[PDB]
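Heads up: the structure comes next, in C-alpha cells.
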Amino acid sequence: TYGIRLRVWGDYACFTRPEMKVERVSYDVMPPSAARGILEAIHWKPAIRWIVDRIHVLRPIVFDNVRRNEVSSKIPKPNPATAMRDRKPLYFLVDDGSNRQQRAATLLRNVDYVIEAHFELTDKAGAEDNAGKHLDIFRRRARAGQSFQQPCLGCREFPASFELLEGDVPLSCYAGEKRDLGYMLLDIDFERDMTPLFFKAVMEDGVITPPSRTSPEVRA
Amino acid sequence: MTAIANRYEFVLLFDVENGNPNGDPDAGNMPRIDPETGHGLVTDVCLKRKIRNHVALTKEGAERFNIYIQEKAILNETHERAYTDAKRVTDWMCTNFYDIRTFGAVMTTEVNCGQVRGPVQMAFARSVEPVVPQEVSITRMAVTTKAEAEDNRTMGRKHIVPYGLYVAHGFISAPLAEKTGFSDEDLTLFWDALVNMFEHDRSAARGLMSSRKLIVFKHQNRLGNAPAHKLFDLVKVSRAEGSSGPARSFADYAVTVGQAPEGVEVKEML
Amino acid sequence: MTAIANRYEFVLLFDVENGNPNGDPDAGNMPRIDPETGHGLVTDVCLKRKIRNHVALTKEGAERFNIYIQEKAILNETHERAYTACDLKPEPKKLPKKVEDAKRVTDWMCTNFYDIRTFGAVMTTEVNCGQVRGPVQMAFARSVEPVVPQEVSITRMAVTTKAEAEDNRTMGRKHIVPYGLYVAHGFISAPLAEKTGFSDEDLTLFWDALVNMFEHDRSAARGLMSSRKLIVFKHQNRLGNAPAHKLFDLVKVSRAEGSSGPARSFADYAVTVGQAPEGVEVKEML
Amino acid sequence: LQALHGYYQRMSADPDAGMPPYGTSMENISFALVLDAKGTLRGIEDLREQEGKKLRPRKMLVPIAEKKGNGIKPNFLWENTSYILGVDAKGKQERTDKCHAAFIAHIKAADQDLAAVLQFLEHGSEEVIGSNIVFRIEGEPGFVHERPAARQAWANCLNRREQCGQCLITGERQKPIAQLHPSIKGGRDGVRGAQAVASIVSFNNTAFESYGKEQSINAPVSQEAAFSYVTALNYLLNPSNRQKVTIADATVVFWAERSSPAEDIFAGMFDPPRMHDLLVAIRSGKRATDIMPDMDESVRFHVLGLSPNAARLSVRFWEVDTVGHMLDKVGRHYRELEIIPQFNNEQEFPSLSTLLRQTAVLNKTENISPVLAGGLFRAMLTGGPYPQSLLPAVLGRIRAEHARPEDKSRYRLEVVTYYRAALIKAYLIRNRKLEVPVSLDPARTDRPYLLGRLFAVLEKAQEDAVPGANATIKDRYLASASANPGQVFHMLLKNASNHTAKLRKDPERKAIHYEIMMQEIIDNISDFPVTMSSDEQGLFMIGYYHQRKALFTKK
Amino acid sequence: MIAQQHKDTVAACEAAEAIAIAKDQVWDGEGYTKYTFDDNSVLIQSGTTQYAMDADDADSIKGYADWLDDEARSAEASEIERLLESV
C-alpha cells in the first residue's frame with residue numbers, strides 16, 4: 001500500500017564510526033542516516049521527510065584496509081574585497097609539513113542492501129503537496145535510474161548502484177542468525193543543535209529495524 | 001552563471017608500462033592491489049590530483065581557472081580574480097577556483113549545512129586483470145652520511161608494474177553543477193585534462209603512463225535516462241585473439257562499446 | 001639561464017654484443033630480464049648514470065657542470081657547501097623557515113650541479129636541502145626481442161689469500177647477452193625546466209651524451225655497446241601537441257625480411273619512422 | 001568499543017585484578033570498623049602496617065578526597081572520627097557535630113550495606129579516635145566503598161559534579177561527555193611503534209571535525225565509559241598480563257567475555273613456542289575439550305589489532321567469534337599449512353610472525369607490508385580467503401632471494417624454504433581449491449608439478465657435478481623457469497646433460513639415476529608451456545620443494 | 001610549547017585543552033592534570049603553576065619528577081620509568 005523498497009549495492013562502502021572517524025573504521029552495516037542520504041540522493045524536497053523502517057543485509061560482512069594521503073585542515077574563509085587590494089595568491093599546500101595527514105581506512109567490501117522507507121509531510125509542505133505525488137516521483141526515478149546525484153556508500157568515492165524492488169526482498173545471508181551489533185548511530189538531530197542519537201542495533205534474521213528517528217521518546 | 005544541462009557518465013581507460021601508477025603508503029610503496037581480486041588499484045584522489053596539476057600547468061592563473069588545493073609545485077608569479085553573506089563568498093570561490101567549482105570544498109563554515117559538493121565524482125580505478133608488480137634492486141654511488149661511510153654504497157629497491165590497463169569510472173551531476181556554475185567550457189577543459197592527465201606527470205617512479213580510451217555517456221535529461229551501472233557494462237574490454245600469456249601492451253586488449261539506451265548518447269574522445 | 005621553451009620526446013636505440021648491459025643484483029649478476037616474457041631490461045638509472053659519467057668526462061668539473069652523485073662524495077657535505085654558499089645555519093631535519101631562503105639554496109644546488117638541474121634529486125637528509133623533480137625523465141629500456149643470456153665460466157691462475165684449493169684453478173663466471181637491441185623512451189618537460197633552469201646548451205650537451213653515451217664506457221663486462229638510432233620529437237609549444245604514446249608508435253622496429261634465425265647484428269633489424277602530426281617535427285638525424 | 005568497556009566492568013569487580021575503579025585515589029587509611037547489617041559496631045581491624053621504623057596508615061584505593069580548607073567538606077565514605085564516630089580528639093564538639101551532619105547528608109546522595117552504615121551513624125580500642133577510618137560489612141570481603149552500590153553512588157555524585165549528551169558506548173542519556181579522553185600507553189608496554197602517548201580518538205585538526213562539533217565531542221562518550229575502556233586497553237597492553245602479542249607493526253590483544261583458560265593459550269596458538277598436544281588435536285579436527293576439559297567453548301572471544309602512526313593508533317582488524325569456532329578455524333588454518341619440514345630443527349607449527357617475516361625484503365621484521373599482516377591474523381582466525389596479494393609476494397621473494405652463505409648459517413640457505421612452501425600450499429588449498437599433498441606425490445602427473453620436480457632433479461645433478469658451487473640454478477633460473485618454462489628449460493636440460501656427462505666419467509658413474517628420473521618425469525610432459533599462471537607457478541614451487549626434500553640423502 | 005606564551009596564567013589551560021590530544025589526570029597527594037600533545041610533548045598543571053615536559057629527552061623527565069610533590073613521585077615511578085627508556 002505504502003512505503004518503498006530500494007536495493008543498493010557496490011564493491012566498496014565506508015560508514016565511518018563516529019568514535020574512529022580520524023582513522024576511518026566502518027560500521028558493519030549501513031546506519032539509518034546513510035540510508036537517509038542515499039534516498040535523498042534520488043529524490044527529496046523541502047516538503048518531505050524520509051523515514052527508514054528496515055534495512056536488509058544480503059551479503060557477508062567483509063572488511064578491507066585502505067590507506068590514503070589526506071589533508072589536515074579545511075580551507076579558511078577569505079574576504080573577497082581584500083583579495084585584490086593586492087595580488088593575494090590563495091592556495092593550500094597539501095605536501096607542506098603537517099598539512100599532509102595519512103589516514104588509514106578499514107572499509108567494507110561487496111555490500112548489498114535493501115532499504116524500506118516511507119514518507120512524511122513537514123510543516124513547510126505546500127498546500128497541494130501530497131505524499132502520493134512524491135512517492136510516484138521517487139518510484140519513477142528509481143525505475144528509470146534517474147537521480148539528483150549519484151548515490152554513494154557513505155563516501156563519495158564509493159558509488160552506489162540502485163534499483164527498485166518490485167518483487168519480494170531476496171533471501172539474506174544471515175537468515176538464521178541474531179547478531180548484536182551494539183549501539184550505532186541512528187541519525188543526527190539538527191533541531192537540537194546537531195545532536196547525534198543512537199540505538200541498540202540487533203540484526204535479527206539479517207534485517208535491522210531501527211526506531212523512528214522522529215519519535216519523541218528516542219529524541220532527548 | 002550558465003551550467004551544464006545534461007548528466008554525464010564517463011569511463012576512462014589508462015595503462016602503465018614498467019612503472020608504479022600509485023604506490024601504497026601502507027605496503028612500503030608497493031603499487032596498490034585489490035586483496036579480494038588481485039587487480040591493481042589506483043585511488044581516485046590520485047587522478048584528481050593529476051587533473052588539478054594539469055589544469056594548473058595549462059591555464060597558469062587564468063581569470064577563472066585558479067586552483068586552490070596545490071602541492072609545492074605552486075607558481076607565485078601571477079593571479080587575477082574574476083570578482084563576480086556565506087552564499088556570496090561561496091559564489092566567489094566557485095567563480096574563480098576551478099577545482100572548487102568542479103570537485104567542491106569545505107570552508108570552515110559548518111553553520112551552513114549545504115556544503116560545496118561539486119558535480120564531478122569518480123571512484124577507484126581497478127585493473128582489468130590481475131597485476132604482478134616486480135621488485136627491482138638498484139644501487140647508488142654516494143653515501144648520504146659520514147656515519148655510514150665507515151662499502152660506500154647503498155642498495156635501494158624500486159617497484160614496477162610490468163603492464164596493467166586500468167578502468168576509471170566517473171559521474172557528473174548536472175543538478176549539482178547548477179548550484180556551482182560548472183559550465184560547458186569547464187566540461188571541455190575537464191575532458192581535455194582527462195585525455196592529457198599523464199602527459200605532464202612524468203617522473204622516475206611512474207614510468208610511461210597514458211590515457212587510451214575515454215567513453216562519455218551524455219544523458220538527454222537534466223537527470224539521467226538509464227542506470228549508470230547498466231551503461232558501464234556496455235564498455236566491454238577483453239583480450240585480443242592472438243594474445244596469450246601476460247599482457248605487455250595495449251594491443252593485447254580489445255575494447256568494444258555496446259548500443260546505449262534510446263535516451264542517452266555515446267561519445268569516444270579517444 | 002633561460003630555460004627551454006619546447007616539449008621534447010625522444011627514442012633511443014642501442015645495442016649490446018657479447019656484453020652485460022645491466023646486471024641484476026638479485027639474480028647473481030645476470031642481465032635484467034622480464035621473467036614472464038624473457039625480454040631484457042635496463043633500468044633508467046643505469047642510462048642516467050652513463051649520461052652523468054659522460055657529462056663529467058666531457059666537462060671535467062667545469063663551473064655550473066658538476067655532477068651531484070659522484071663516485072665517493074658524501075651528499076651531506078655537498079648540502080653543507082650549499083648552505084655555506086647561501087650563508088645560512090642549517091637545522092638538522094628542516095628547510096630554512098623563510099621560504100625565500102629555501103628557494104635560494106635549492107636554486108644554488110640546481111645551478112651549480114648539472115644532474116640536479118636535469119634529472120632532479122631528493123635532498124631531505126640530516127641537513128635538508130629541498131627537492132627537485134628534474135625536467136628530463138626516461139623510462140626503462142626493453143629489448144625488441146627476448147634475450148638469451150648465457151653463463152661464461154672463467155678461471156684465474158692466482159689466489160687472493162692463503163689457501164690450498166689450487167687442485168684446480170680458482171673459478172668464476174661472467175654473464176653475457178649474445179645480442180640485444182633495446183628501445184629507451186624519454187621525456188623533457190618545459191614547465192619543469194622553467195623552474196630548474198635547464199637551458200638549451202644543457203639540451204645540446206644532453207643530446208651529445210645520448211649519442212656518445214657508451215663510447216667511453218668500455219669495460220670487461222660491457223662487451224661492445226653502441227647507440228644506433230636517436231629519434232627526437234620536438235613540439236612547438238611548452239605543452240605538447242600530441243600524446244607521447246602516439247609519437248613512440250611512429251618508430252617501428254622489426255626484423256628485416258632478408259634475415260632468419262637469432263638476431264646477431266643490427267643489420268637483422270629494420271627501423272622505420274612514420275609521419276609526425278602537424279604540430280610536431282622529427283629530428284631523425286642523430 | 002563496547003567490548004573493552006565490558007571487560008573493565010568484569011575485571012573491576014575482582015579486587016585483586018588491578019583495575020583502578022573510576023574516580024578513586026591512593027590515600028592513607030588507618031582503621032576499619034566492622035559492623036553488622038543493623039549498624040551495630042562489631043569490631044575494629046588495625047589494617048595499618050608496620051615498617052619497623054613506624055606504624056604507618058595503609059595505602060588504599062578510595063574515593064578521591066575533597067579540597068578541604070577552613071570550612072568542613074565531608075568525604076564520601078572515608079573520614080576521621082570527627083565525621084563518623086561523632087567524637088574527636090580535639091574536643092571541639094560543635095565542629096564534630098557539623099562534620100557528622102554533613103557526613104550523614106553526604107551518604108544520602110535501599111541497599112542493605114548503605115542502610116547498615118547509616119544506622120551506625122545514627123548511634124555515633126580507643127586508638128581509632130583521630131585517625132582516618134573506613135567501613136567494612138561483616139560476612140562480605142572488601143569494604144563498603146568497593147561495593148557496586150557505592151561505586152554507582154560515587155559515579156552519580158561525580159556526574160552531578162558536571163562541568164552532557166548520550167554516551168555511544170553505554171547508550172545512557174543525560175551523561176556528561178568527555179571533552180578529552182585519557183591517553184593510551186605507547187612503546188614497550190603500549191602499541192609498539194606509536195609515540196609515548198597515543199589515543200583512539202583525536203580531533204586536533206579541523207579536517208576531522210564534523211557538524212560544528214569541537215575536539216572529542218565529535219565522539220560523545222560518558223566520562224566513566226572513556227576512563228573504563230582506556231584503562232582496560234592499557235591493562236591489556238601491559239606485557240605483565242599474558243594477553244598481548246605483536247605481529248609485524250600491529251600489536252594484538254585478546255580477552256574473553258568471562259574468565260576462561262583460553263586467554264592463557266591463545267598467546268601461543270598464533271605464536272607457538274601441552275600446547276603442542278592442543279595444536280595437534282585442533283589441527284586434526286578434534287575438539288580442544290578432549291585434550292583438557294575446562295574450556296567452555298561457548299564463551300565468546302575478542303581479538304583486537306592496533307596499528308600505530310606518528311601519535312595516533314588505528315584499529316586494523318577485530319573478531320568476536322566464540323572460542324570453539326575460532327579454535328576450529330585456527331586448526332583448519334594449521335591443517336592447510338601442513339608440509340613436510342625441510343630440516344628437523346624447524347617448527348612443526350610455523351609461527352605467523354615467522355611466516356610473514358619470510359616474505360620480508362631481507363627476512364627481517366621490518367619491511368613486512370602491514371597490509372599482508374592485516375590479511376593474516378585475519379584470514380587465519382576468520383576462515384576467509386587469504387588476501388590475493390599473498391601468492392605474488394612469496395613468488396617475488398623467491399625471485400629475489402638466493403643462496404646466502406655469508407649468513408654464517410652452515411647450510412646454504414634454500415630459496416624455497418619450508419615456510420614459503422607452506423604459505424604457497426595454504427594459498428592454493430584455500431583460494432584456488434586445488435589439491436596439494438603434504439609430501440612428494442610421484443603419481444601427480446600434473447604439468448606444473450612435473451616441471452617443478454624436473455627443476456629439482458636438474459638442481460641435484462648440478463650440485464653433484466660441481467661440489468661446493470657458489471650458486472646453483474635455484475638462485476637465477478627459478479623465476480623464469482616457473483614463469484616461462486618454454487624459453488629456459490632447453491638450456492637447463494643441456495647444462496644438466498653436461499653435468500651428468502662429467503658425473504659419469506668421474507666417480508658415481510651410476511648420473512644414471514638422474515637420467516632415469518629425467519626420463520620418468522619428461523615422459524608425462526608433451527610440451528613445455530610458453531607461460532604459466534600464478535597458481536601454476538605456485539604448483540611449480542610446491543613440486544620443486546617436494547622433490548628436493550625427497551632427494552637430500554637418497555644415495 | 002604554549003606554556004611560555006601564557007606562563008602560569010589559567011588561559012594556558014584553555015589553549016592546551018583546545019589543541020591538546022587525550023588528557024590524563026593524577027590523584028596522588030596533590031591534584032595534577034596532564035595535557036598531552038603530538039610531538040611527544042606534555043603540559044602538566046596544578047593550580048596556577050605548571051611545567052612543560054618533553055618525552056624524548058631524559059632531563060625533561062627528571063625535571064618533571066623534581067617539579068612534582070614527593071608522594072606523587074612515588075606513584076609516578078612507574079610512568080617515569082616508561083618515558084625514561086626513550087633513547
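A note on labels: chains of the C-alpha cells are A, B, ... as shown, every chain counts residues from 1, and ligands are counted from 1 in their shown order.
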
### Task
Within region 117-350 of chain D, find each residue whose DSSP state, derived from the backbone, is alpha helix (DSSP H), and express the selection as number ranges by chain.
D: 117-123, 148-160, 223-237, 262-269, 275-284, 288-291, 323-337

### Residues within 7 Å of residue 227 (chain C), only C-alpha atoms, excluding chain neighbours under 2 positions, as a VMD selection string
chain C and resid 13 to 15 211 229

Writing out the chosen residues with C-alpha atoms as an mmCIF file, in the first residue's frame:
data_model
loop_
_atom_site.group_PDB
_atom_site.id
_atom_site.type_symbol
_atom_site.label_atom_id
_atom_site.label_comp_id
_atom_site.auth_asym_id
_atom_site.auth_seq_id
_atom_site.Cartn_x
_atom_site.Cartn_y
_atom_site.Cartn_z
ATOM 1 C CA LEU C 13 68.003 2.509 -29.826
ATOM 2 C CA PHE C 14 71.231 0.946 -28.566
ATOM 3 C CA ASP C 15 72.860 -2.460 -28.957
ATOM 4 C CA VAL C 211 74.753 9.916 -28.886
ATOM 5 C CA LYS C 229 69.343 5.464 -33.595
#

### Message
So that I can see what lies close to residue 71 (chain E), please list as a ChimeraX atom specification the residues with an atom at most 10 Å from it, counting only C-alpha atoms and leaving out residues fewer than 2 positions away in the same chain.
### Response
/E:28-30,68-69,73-76

Kindly save the residues from that selection, with N, CA, C and O atoms included, as a compact mmCIF listing (two decimals), in the first residue's frame.
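As a result, out-v8.txt now contains:
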# COMPACT_ATOMS: atom_id res chain seq x y z
N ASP E 28 47.19 11.81 43.48
CA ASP E 28 48.17 11.24 44.40
C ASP E 28 48.71 12.38 45.26
O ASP E 28 49.65 13.09 44.87
N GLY E 29 48.11 12.57 46.42
CA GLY E 29 48.52 13.63 47.33
C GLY E 29 48.12 15.02 46.89
O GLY E 29 47.40 15.72 47.61
N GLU E 30 48.57 15.44 45.71
CA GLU E 30 48.24 16.75 45.16
C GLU E 30 47.67 16.57 43.76
O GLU E 30 48.26 15.88 42.93
N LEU E 68 57.36 17.72 40.67
CA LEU E 68 56.23 17.11 41.35
C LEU E 68 56.47 17.04 42.85
O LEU E 68 57.59 17.16 43.34
N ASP E 69 55.38 16.83 43.59
CA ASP E 69 55.47 16.60 45.02
C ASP E 69 56.02 15.20 45.30
O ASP E 69 55.95 14.30 44.46
N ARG E 73 55.74 11.56 43.17
CA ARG E 73 56.87 10.92 42.51
C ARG E 73 56.84 9.41 42.71
O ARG E 73 57.16 8.65 41.79
N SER E 74 56.46 8.97 43.91
CA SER E 74 56.39 7.53 44.17
C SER E 74 55.36 6.86 43.27
O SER E 74 55.62 5.78 42.71
N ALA E 75 54.19 7.47 43.11
CA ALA E 75 53.15 6.88 42.27
C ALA E 75 53.54 6.94 40.79
O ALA E 75 53.16 6.06 40.01
N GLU E 76 54.29 7.96 40.39
CA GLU E 76 54.75 8.12 39.02
C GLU E 76 56.06 7.41 38.74
O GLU E 76 56.58 7.52 37.62

### Task
Just need the residues of chain A within 8 Å of chain B, counting only C-alpha atoms, so spit them out as number ranges by chain.
A: 64, 66-69, 74-80, 83-84, 87-96, 144-150, 156-159, 161

Would you write out those residues with C-alpha atoms, as a compact mmCIF listing (two decimals), in the first residue's frame?
# COMPACT_ATOMS: atom_id res chain seq x y z
CA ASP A 64 39.45 -4.37 3.98
CA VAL A 66 42.97 1.13 2.50
CA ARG A 67 45.34 3.97 3.40
CA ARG A 68 45.41 7.35 1.69
CA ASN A 69 47.26 10.67 1.82
CA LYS A 74 39.78 22.90 5.88
CA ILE A 75 40.36 25.95 3.69
CA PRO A 76 39.57 29.21 5.52
CA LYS A 77 37.03 31.81 4.53
CA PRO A 78 38.67 34.79 2.79
CA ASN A 79 37.26 38.27 2.40
CA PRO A 80 36.82 38.74 -1.37
CA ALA A 83 41.54 39.52 -2.44
CA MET A 84 42.70 42.21 -4.90
CA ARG A 87 47.52 40.27 -5.67
CA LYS A 88 46.94 37.62 -2.99
CA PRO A 89 47.59 34.05 -4.20
CA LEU A 90 45.20 31.87 -2.19
CA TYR A 91 46.30 28.24 -2.04
CA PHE A 92 46.64 25.23 0.22
CA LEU A 93 49.89 23.24 0.18
CA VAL A 94 48.92 19.62 0.79
CA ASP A 95 52.54 18.44 0.86
CA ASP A 96 53.84 21.12 3.26
CA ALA A 144 14.35 4.77 -14.78
CA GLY A 145 17.63 5.14 -12.88
CA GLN A 146 17.44 8.94 -12.71
CA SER A 147 18.95 10.66 -9.69
CA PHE A 148 19.72 14.14 -8.41
CA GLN A 149 23.26 12.98 -7.63
CA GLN A 150 24.96 9.62 -7.90
CA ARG A 156 31.59 9.93 -2.49
CA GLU A 157 34.39 7.72 -3.85
CA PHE A 158 32.11 4.67 -3.34
CA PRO A 159 29.21 4.97 -5.81
CA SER A 161 24.14 1.04 -7.85

For region 280-295 of chain D: contacts at 9 Å, only C-alpha atoms, fewer than 4 positions along chain excluded, given as a PDB file with C-alpha atoms, in the first residue's frame:
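Written output follows (selection02.pdb):
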ATOM      1  CA  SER D 260      38.395 -18.750  30.776  1.00  0.00           C
ATOM      2  CA  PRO D 261      41.549 -20.844  30.253  1.00  0.00           C
ATOM      3  CA  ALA D 262      41.622 -19.826  26.577  1.00  0.00           C
ATOM      4  CA  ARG D 274      50.562 -29.433  26.459  1.00  0.00           C
ATOM      5  CA  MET D 275      50.207 -26.576  23.986  1.00  0.00           C
ATOM      6  CA  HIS D 276      51.746 -28.845  21.349  1.00  0.00           C
ATOM      7  CA  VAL D 299      32.406 -18.313  25.850  1.00  0.00           C
ATOM      8  CA  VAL D 323      36.258 -19.802  21.484  1.00  0.00           C
ATOM      9  CA  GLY D 324      35.211 -23.055  19.837  1.00  0.00           C
ATOM     10  CA  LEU D 327      39.819 -22.533  17.638  1.00  0.00           C
ATOM     11  CA  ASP D 328      38.353 -24.667  14.849  1.00  0.00           C
ATOM     12  CA  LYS D 329      39.282 -22.013  12.288  1.00  0.00           C
ATOM     13  CA  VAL D 330      42.862 -21.845  13.586  1.00  0.00           C
ATOM     14  CA  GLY D 331      43.038 -25.631  13.436  1.00  0.00           C
ATOM     15  CA  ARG D 332      41.868 -25.561   9.825  1.00  0.00           C
ATOM     16  CA  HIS D 333      44.496 -22.923   9.044  1.00  0.00           C
ATOM     17  CA  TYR D 334      47.285 -25.037  10.529  1.00  0.00           C
ATOM     18  CA  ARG D 335      45.947 -28.109   8.720  1.00  0.00           C
ATOM     19  CA  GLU D 336      46.191 -26.229   5.428  1.00  0.00           C
ATOM     20  CA  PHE D 349      53.552 -25.329  13.526  1.00  0.00           C
TER      21      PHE D 349
END
